[PDB]
Every structure is written in structure tokens, then in C-alpha cells.
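Trainee: Generate coordinates for the sequence data below:
(2 chains)
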Amino acid sequence: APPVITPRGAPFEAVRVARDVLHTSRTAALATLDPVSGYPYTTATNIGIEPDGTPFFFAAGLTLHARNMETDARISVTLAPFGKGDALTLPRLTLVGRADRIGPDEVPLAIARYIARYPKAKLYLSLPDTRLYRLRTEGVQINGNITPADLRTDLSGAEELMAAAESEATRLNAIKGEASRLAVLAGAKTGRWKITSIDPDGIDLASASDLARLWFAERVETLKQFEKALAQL
Amino acid sequence: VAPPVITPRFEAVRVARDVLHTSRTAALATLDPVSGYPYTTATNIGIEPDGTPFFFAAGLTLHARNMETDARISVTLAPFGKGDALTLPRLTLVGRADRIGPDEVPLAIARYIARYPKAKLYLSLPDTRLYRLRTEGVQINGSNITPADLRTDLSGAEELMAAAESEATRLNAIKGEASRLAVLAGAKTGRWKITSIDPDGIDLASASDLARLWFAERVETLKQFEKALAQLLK
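Mentor: Residues are numbered from 1 along each chain as shown, chains lettered A, B, ... in the order given. Take a look at the structure below.
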């Protein structure tokens, strides 16, 4: 199996900037392959990130990029602060792999997850041609030794936290000012924030315009360990 | 004999030309020579007087490499600063990455720097490569548009084009004038400069934003430009 990115472990530093970009990028460039011309074909879309770290996204069925992906699952995305300043002076995370359509048995949860981050997607996720896809990342490049494995969150020791994750995010979001003080502790501006996802390594938060992630000092596997981590931060 | 570069599935052309002229950041897709997978990056967009997008890539990068091996590329331009991707108009241009020849790099540098002042540094780095998009297919999003629809026709306007550089300089020397034009264009006040004048209008840049002011009618001569400008600035 040739590497999906032809060449021209990674240390904590490199991986952490890569994971920050993964979790705090709203806009993704998406490239697909045209089924007859062989040319690439790009669009831009919103990215969601499943608790295990897997990127996912919406594409309407009537689109050229959806069409392209039905035939050929080979795709690439770039996550970057698109529009925040000179693109060549800012991080660029590229993820190359296969687009897997989220099947009917799994779309309700994927819709839920996507809305948790993007409440305004309410207006397009219950359409006749609504489709969502997961990226199965196969090669990774970051611009300023990283593997697909480097970018995943390991859930395996943490089923108790994950059973409580959604309830806990609801609880915390219902504490006035709580999501925003978490956003600021993460390094974000104070604003209108919501927790969108809790996982063993930290908390993803979203405002109307920005994203943040608060990283735990140490891995959290239980509800009690969660409570302790919050009490430092 | 060659098939459309995009296999087929609000005024399209005007919205498209506006995105074309006012987008800083572009998604760029390239093809991997071995795996056949696409490969994406983000890059900055320059525009030439006829509307042709151009861009720079460091030579020691994967996309630069990919483009050496196979020139077929795609770019998506959007007003990305303005909020979520699925809310924005998104212009996809499919075609070939043509390397800009040696004689034209000095001009392309100055044009690029005008939009991207930090480039003053990273273009001064080894193996800088310069490309323009040869557009072969177009999609606008968020119709049935052709590459020709996006281009600005310079025929008949050689007099204006012979003066366009010194007119930009002239106008940029009138304190506040580029910013007045940018506000007419629908933009926010700031430290604006005219980057380009063409028969159909004027491109402007500030540090955070880009603007395009459209003429009410096509301009071919200096007399016609000055009249058009005087009407506008009333």
C-alpha cells in the first residue's frame, strides 16, 4: 500500500499543533476527483470532529463533489484559519484519505454532533439531499513524522466519561458564563461560547465565529477525574 | 475531442467575478503522482489585469512537486473571512498551473506584495515558484458559467492599460481616495490602496480586506476613466 502522499515518531510539539488545528478549524478545503476528466475538484465546507478525532462533513447530494465521491472515495482536506490572515504565515493541516458516507443507521448521531458545533446547519441537515461523510485519514502533512494515528483521540480507557459526556456538556453549558471561561482558559477571546464535545484529552468549544479546545493536563477517563480537571482549570 | 474538465451533474457571472477579485485565500488541489489521491493546501491569490489568478508556492513543497509531475489543479475562492464556508459564495476554478516565465516574475512579485506585505520576507526565501491558473472550467456556488465569462477583456482598452499603473499611483497619492473608492465598493474604511485598474473597474486592497469597484459602463480611455471616476466620487 503506497503512501497516499508520496514523500518529496513525531514529538509532542508537532502532534499538539496538528491536533489543535484539527480541533479548532471550522473551514476545510475539500478536493475530490472528477470521474471522467481526472482533474481534481475543490470546494470549501464546515468540519465536525467526532470524539475519537475523526473529521466529518456535510455535502448535499446534488453537488459535484458528492457526485465525485460516490464514484471515487479518494479525497484530501486542508484545515486552516481561512480568512484570518496571510495563509502562508499560518498553520495548514492536510489530511489525505477516503471519504466514507455515514450510513442511515448512523446519520441521526452525526447530524446531532454537527449541529452541536453548528446550530445554523439546522436549516440544511433535514433536506431531501442531505449527506454526511467521515474522512478515513491515510496520510497527514502539517505546514507552519506525523501519522494518522497521531491525530486520533484514544477513547478506550474512558467509557464512563463518554457515557456522561453529553449530559455533562448540557450541565456545563447551563452554568451561566461557564463555557466562555473555559474558552478563555483555552486561549480564546471571551464571548458567547458552548461546549460541543468532551473527550479524554480535553474539551472542544464553539462560539458563533470561533473554535477553542481546552486540553486537560492529564488524561481523563472517569466523571470524577473530569471534575478534578475542571477544578484546576 | 477533450471532455469538460468538470463533468456536469443572484447573477452567477457577476457574483463569480466579485469572488474572483475580492478573495485573498484559496484552497488549492493538486494530484499525487503515485497514489492518484488529490492533495490540498491553502494559498494566497494574486489577480492580473485581465482577471487571471496567480499564486506562489515554495519549491520544496508537496504541491509544488505535484504540479511539476502533473499541472491539473483546482482552486476554490471564497470571502472566507466573512464567516462559515457553507454560508459563502464559493467559486471553483479547474484548469492548469502554468509556470510564469522568468521575465514576468519581477512584475508578479510587485503585484503579489501589494496584497500580501508579509510576502516581502518569504518570497525572498530560496526556490520561490510562481504560477498562473489557466482556467478550463468554472463552478459558482452558494449556474452555467464559462472561463471566458470570468475574464476581463482588454481589447479596445490599450490606452487605459498603458496608463493604468500611473493612474493607480496618482490616485493612491490622494490621501483617503482609495478608501473612498473601497467604501463605494461596499467595503469598510481603512488603509486602502488601488492595486489594479481595468476596463470594468478597480481592485483595491487593505491589510485585512479586498474590494472591487465596478464601473457603471466599460472604460477604454483615460478621458473615459477620469469621467467615470468623477461621476463616482460625487
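Trainee: Show me how chain A divides into domains.
Mentor: In terms of domains, chain A is parsed into A:1-152, A:153-233 (source: curated CATH domains).
Trainee: Is the last one in proximity to chain B?
Mentor: Yes - counting by Cβ under 8 Å from any Cβ of the partner chain, contacts between domain A:153-233 and chain B involve residue A:209. (Each C-beta comes from the backbone N, C-alpha and C, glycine too.)
Trainee: and that domain, how far apart are its ends?
Mentor: 21 Å (Cα to Cα, to the nearest Å).
Trainee: Go through the domains of chain A and pick out the most buried.
Mentor: Mean neighbour count (mean count of other Cβ atoms under 10 Å in any protein chain shown) peaks for domain A:1-152 among these, with a mean of 19.
Trainee: What distance do you get for the closest residue to residue A:154 other than its chain neighbours to chain B?
Mentor: The shortest distance from residue A:154 to any non-neighbouring residue, by Cβ to Cβ, 6 or more residues apart in numbering or on different chains, is to residue A:200 (6.8 Å). Distance, residue A:200 to chain B, using Cβ to the nearest Cβ, to the nearest Å: 28 Å.
Trainee: One more: residue A:73?
Mentor: 10 Å.
Trainee: Could you double-check that that residue sits in contact with residue A:99?
Mentor: Yes - counting by Cβ atoms under 8 Å, residue A:99 is a contact partner of residue A:73 at 5.0 Å.
Trainee: longest helix anywhere in chain A?
Mentor: As assigned by DSSP state H, the longest helix anywhere in chain A is helix A:159-173.
Trainee: Off-centre distance for that helix?
Mentor: For helix A:159-173, the separation from the chain centroid amounts to 18 Å (computed by Cα atoms, centre = their mean, to the nearest Å).
Trainee: List the contacts of it.
Mentor: A:51, A:116, A:155, A:178-179, A:182, A:194-200, A:220-223, A:225-226 (Cβ atoms under 8 Å, 6 or more residues apart in numbering or on different chains).
Trainee: Now intersect the residues you listed with the helices, please.
Mentor: Those of the contacts of helix A:159-173 lying in helices (DSSP H): A:116, A:178-179, A:182, A:223, A:225-226.
Trainee: can you name the two of these that are farthest apart?
Mentor: The most widely separated members of the ones in helices among the contacts of helix A:159-173 are A:116 and A:225, with 22.5 Å between them, by Cβ to Cβ.
Trainee: contacting residues around residue A:119?
Mentor: Counting by Cβ under 8 Å, 6+ apart, residue A:119 has no contacts.
Trainee: That one and residue B:89, how far apart?
Mentor: To residue B:89, residue A:119 is 22 Å away according to Cβ to Cβ, to the nearest Å.
Trainee: State which strand of chain A is the longest.
Mentor: strand A:132-143 (DSSP state E).
Trainee: Direction included, what does that one pair up with?
Mentor: Strand A:132-143 pairs in its sheet with strand A:55-58 (antiparallel), strand A:92-101 (antiparallel), by DSSP bridges.
Trainee: Run through the bridge partners of the residue sitting nearest the centre point of chain A.
Mentor: Residue closest to the average C-alpha location in chain A (Cα atoms, centre = their mean): residue A:49, at 2.5 Å. Residue A:49 forms beta bridges with residue A:55, as assigned by DSSP bridges.
Trainee: Pretty sure it sits against residue A:23.
Mentor: Yes - Residue A:49 lies in contact with residue A:23 (Cβ under 8 Å); the separation is 5.7 Å.
Trainee: between those two, what contacts are shared?
Mentor: Both residue A:49 and residue A:23 are in contact with residue A:204, where contact means Cβ under 8 Å, 6+ apart.
Trainee: What residue, apart from its backbone neighbours, is nearest residue A:35 spatially?
Mentor: residue A:71 (4.3 Å).
Trainee: The one you found against residue A:34, yeah?
Mentor: No - judged on Cβ under 8 Å, residue A:71 makes no contact with residue A:34 at a distance of 9.1 Å.
Trainee: which residues does residue A:29 bridge with?
Mentor: Under DSSP bridges, the beta-bridge partners of residue A:29 are residue A:44, residue A:78.
Trainee: ok, now which ones touch it?
Mentor: For residue A:29, the residues meeting the contact criterion (Cβ under 8 Å, 6+ apart) are A:42-44, A:77-78, A:80, A:82, B:27-29, B:40-42, B:76.
Trainee: switch the cut-off to 6 Å
Mentor: A:44, A:78, B:27, B:40 (Cβ atoms under 6 Å, 6 or more residues apart in numbering or on different chains).
Trainee: residue contacts, the first one?
Mentor: By that I understand residue A:44. Here residue A:44 is in contact with A:27, A:29, B:27, B:76, B:78, B:85, B:90 (Cβ under 6 Å, 6+ apart).
Trainee: Let's see that with 8 Å instead.
Mentor: Here residue A:44 is in contact with A:27-30, A:82, B:27, B:76, B:78, B:80, B:85, B:88, B:90 (Cβ under 8 Å, 6+ apart).
Trainee: Next up, the contacts around the closest residue to residue A:116 other than its chain neighbours.
Mentor: Once flanking residues are discounted, residue A:116 sits nearest to residue A:196: 4.6 Å by Cβ to Cβ, 6+ apart. Listed by Cβ under 8 Å, 6+ apart, the contact partners of residue A:196 are A:116-117, A:169, A:204-206.
Trainee: repeat for residue A:68
Mentor: Contacts of residue A:68 (Cβ under 8 Å, 6+ apart): A:32-35, A:41.
Trainee: C-terminal to the helix or strand hosting residue A:204, what's the next element?
Mentor: In the assignment (DSSP states H and E), residue A:204 maps to strand A:202-206. Using DSSP H and E, the helix or strand that directly follows strand A:202-206 along the chain is strand A:211-215.
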